[PDB]
Amino acid sequence: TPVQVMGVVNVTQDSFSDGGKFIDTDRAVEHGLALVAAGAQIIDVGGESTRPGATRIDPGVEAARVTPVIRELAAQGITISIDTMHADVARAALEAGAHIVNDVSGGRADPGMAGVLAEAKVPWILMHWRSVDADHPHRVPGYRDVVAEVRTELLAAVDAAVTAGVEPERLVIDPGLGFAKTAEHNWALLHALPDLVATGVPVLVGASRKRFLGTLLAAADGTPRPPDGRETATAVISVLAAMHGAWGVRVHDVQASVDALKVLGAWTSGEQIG
Ligand SMILES: Nc1nc2ncc(COP(=O)(O)O)nc2c(=O)[nH]1
């Protein structure tokens, strides 16, 4: 039972991050093909961003961006997750060939998401993000115990999914590192990863390039490490997550995490025989 490496393809970021004017399906498809060639088991396709100050787009535009990419990658037999909070977008992505729904709201953004998943009978990833104030969706709340509360709320989301008719075997949970959480919250959640794995629900970890790695690796004068300088740290997290029973890791740099997991595998089996 090896850890699943989930490589990220965001069609909007691929098309626009370096200044491009037009949506570029072919670039995103070639990106996904390259991540598969580098060892990804799952390609997570997204059309939106949730970070502060992102460009905001209609769900119709979100779907129009992801579905051509999903259609071409699915035609190559690739396993594809759709990274969306919007039920209508998830449904369109499933029509296009996605086989997993990755919901950073954990079903809380769209009351129709549970019904989409219950009907489609595909896996549903429920990420933890406590976001009571839509005017401040990233504000860090007061946790008495972030470890216990994340677990409680993820399992409550699992319960609501099952009540809606999703089969328990099809749920995945994700602690949502960095989403209304401090760096210290993240490290407590990661140290407690075995506890969350012990729920029996598959656990996905997404640490790749997140702000707490910029903080961890800050320069002597306080300047955080830029996102490109966070990849060694991200790959080490993939290894420690794998060692502690994570079902999957969500990463941008698939090659670096695959390299790291090959080291873990070669070390572990180094004295085996026969
Ligand atoms: N399940 C899951 N999905 C996610 N989707 C987007 C982002 C935002 O980060 P990005 O812009 O680097 O993709 N992070 C996660 C995460 O940690 N877990």
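Residues numbered from 1 in each chain as written, not as in the entry; some residues may be left out. Heavy atoms only, no water. Residues with missing side-chain atoms left out of burial classes, pairs and counts.

- Method-wise, the PDB entry is recorded as coming from X-ray crystallography, at a reported resolution of 1.850 Å.

**Digging into the site of the ligand**
No. 1: The environment of the ligand is made up of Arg51, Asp83, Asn102, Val104, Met127, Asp174, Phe179, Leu204, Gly206, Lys210, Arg250 and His252.
No. 2: Note that a nitrogen atom of the ligand is positioned 2.9 Å from one of the side-chain N or O atoms of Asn102.
No. 3: When the ligand sits alone it has 420 Å² of accessible area, and the protein chains cover 87% of it.
No. 4: In this structure the site holding the ligand corresponds to the largest pocket.
No. 5: Split by residue class, the shell around the ligand holds four nonpolar, three polar and five charged. (Near = heavy atom within 4 Å. Polar contact = N/O pair within 3.5 Å; in protein donor to acceptor, adjacent residues only side chain to side chain. Areas by Shrake-Rupley, 256 points an atom, 1.4 Å probe, with all protein chains shown as cover. 1 Å grid on protein atoms, 1.4 Å probe; cavity = no way out; pocket = protein on both sides within 12 Å on 5 of 7 lines; lining within 4 Å. Sits in = over half its atoms within 2 Å of the grid points. Nonpolar A, V, L, I, M, F, W, Y, C, P; charged D, E, K, R; others polar.)

**Concerning the packing of aromatic side chains**
No. 1: Summed over the entire model, instances satisfying the criterion amount to two aromatic pairs.
No. 2: Taken together, a centroid distance of 4.9 Å and an interplanar angle of 55° make the contact between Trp187 and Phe212 tilted. Highlighted residues: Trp187 in helix α7 (residues 183-191) and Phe212 in helix α9 (residues 211-216), separated in sequence by 25 residues.
No. 3: Take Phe212: its relative accessible area is 3%, and that puts it in the buried class. (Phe/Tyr/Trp six-rings, centres within 6.5 Å; stacked < 30°, edge-to-face > 60°. Helix = DSSP H or I, 4+ residues; strand = E, 2+ residues; numbered from the N terminus. Buried < 20%, exposed > 50% of the residue type's maximum accessible area, 1.4 Å probe, protein only.)

**Things to note about the UniProt feature "domain: Pterin-binding" (unreviewed entry) in the chain**
No. 1: Listed under "domain: Pterin-binding" (unreviewed entry) in the UniProt record, and renumbered for this structure, are residues 3-262.
No. 2: With 43% helix and 13% strand, the stretch residues 3-262 has end C-alpha atoms that lie 11 Å from each other. (UniProt positions renumbered as here; feature names shortened; annotations may be inferred.)

**A word on helix α5 (residues 113-120)**
No. 1: Among the residues of α5, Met113, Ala114, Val116, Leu117 and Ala118 are the ones counted as buried.
No. 2: Where the residues of α5 are buried, they touch α4 (87-96), β4 (100-103) and β5 (124-127).
No. 3: Trailing α5 by a residue or two, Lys121 shows a phi angle of about 60°, which is positive. (Contact = heavy atoms within 4.5 Å.)

**Regarding empty space enclosed by the protein**
No. 1: Taken as a whole, the largest cavity encloses approximately 60 Å³ of empty space.
No. 2: Looking at the lining of the largest cavity, the elements that each hand over two or more residues are α6 (146-163) and α8 (193-197).
No. 3: The element that contributes the greatest number of residues to the lining of the largest cavity is α6, accounting for three residues.
No. 4: Looking at the lining of the largest cavity residue by residue, the class counts come to five nonpolar, no polar and two charged.
No. 5: Taken as a whole, the second largest cavity encloses approximately 40 Å³ of empty space. (Points joined across faces, edges and corners; volume = space filled by probe spheres on them.)

**Some details on the environment of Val5**
No. 1: Relative to the elements of secondary structure, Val5 occurs in strand β1 (residues 4-10).
No. 2: Since its relative accessible area comes to 2%, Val5 is described here as buried.
No. 3: Spatially, the C-alpha atom of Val5 lies 22 Å from that of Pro168, the residues being 163 residues apart in sequence.
No. 4: Ignoring sequence-local partners within four residues, the contact set of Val5 consists of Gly39, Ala40, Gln41, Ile42, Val249, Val251, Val254, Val258 and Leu261.

**As for the sheet that holds strand β8 (residues 248-251)**
No. 1: Taken together, eight strands build an open sheet; the order of strands is β6-β5-β4-β3-β2-β1-β8-β7 and the sheet is parallel. Edge positions in the sheet fall to β6 (171-174) and β7 (204-205), since each of these pairs with one other strand and no more.
No. 2: Two elements, strand β2 (residues 42-46) and strand β3 (residues 79-83), share five bridges in a ladder whose sense is parallel. Paired with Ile42 across the two strands is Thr79, which belongs to β3.
No. 3: On top of the sheet, α6 reaches β5 and β6; it is set at about 155° to β6, its chief contact. (Pairing = 2+ DSSP bridges. Axes fitted to C-alpha atoms, helices over the stretch in contact; angles between N-to-C directions.)

**Regarding helix α10 (residues 231-243)**
No. 1: The end-to-end C-alpha distance of α10 is 19 Å, a good match for the 18 Å that 13 residues give at a rise of 1.5 Å each.
No. 2: Listed as buried for α10 are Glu231, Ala233, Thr234, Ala235, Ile237, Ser238, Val239, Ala241 and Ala242.
No. 3: Backbone geometry just downstream of α10 places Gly245 in the positive-phi region, at approximately 95°. (Expected span 1.5 Å × (residues − 1).)

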